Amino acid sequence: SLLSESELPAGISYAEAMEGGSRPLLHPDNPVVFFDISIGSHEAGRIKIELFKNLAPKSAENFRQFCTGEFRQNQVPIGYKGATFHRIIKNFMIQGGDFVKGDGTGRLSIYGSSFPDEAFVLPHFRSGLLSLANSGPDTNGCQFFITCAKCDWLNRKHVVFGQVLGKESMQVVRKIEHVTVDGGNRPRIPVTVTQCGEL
């Protein structure tokens, strides 16, 4: 059920996404969330993200709850506030959301330890898409990546479930993408979601 890049629905081309504000473009009921990013101790700006509930409802809702603080463990909220980007690969993608361990080993979802892959509808056809990181089939948790180039080799192995909205969002993505990293692609200076929520 993977769509080719000529069967893509309206509202998700790069140009369309860059015209987006705070409301969804693919389907009117898709939630829009945000991250405020700090690079080191410096405010870098806001990434706004449409979550494709219409195509990947379980993936969208997992991410959404981690943005708003609605998901609790024994009455303790857990989510993306304070989470970092631990793996940054220029010209490829930026990876983050490991609030469990901060190093890429963490996996927790709102549904349990993991959740299965939803249908692979959208391809990794351009920069600015949100997709699930995993460790093989049916191992989605909390980590995600934002594409910094097309990466269609990932199709049918990672669910594309959102898109960044507006030009500032992509500017922030590009800023994160270009920070200095070590030989393991970990940033030398931390990149952190200092605030997040729903618009």
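Just count from 1 along the sequence shown to find any residue number.
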Between the two ranges 189-197 and 3-11, the one averaging a larger CA B factor in the entry: 3-11
Stretch with the higher entry mean CA B-factor, where the candidates are 139-147 and 152-160: 152-160
Have a look at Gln73, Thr84, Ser109, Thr105 and flag the one whose Cα has the highest B-factor in the entry. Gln73
Compare the CA B factors listed in the entry for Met93, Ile78, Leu122, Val100 and report the winner. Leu122
Entry-reported Cα temperature factor of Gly166, expressed as the chain third it lands in: middle
Report the third (lowest, middle or highest) to which the CA temperature factor of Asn30 belongs, ranking only the modelled residues of the same chain. middle
B-factor third for the C-alpha atom of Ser59 within its chain: lowest
Ranked by Cα temperature factor within the chain, is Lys53 in the lowest third, the middle third or the highest third? middle
Taking the entry's C-alpha B-factors for this chain, is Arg174 in the lowest, middle or highest third? middle
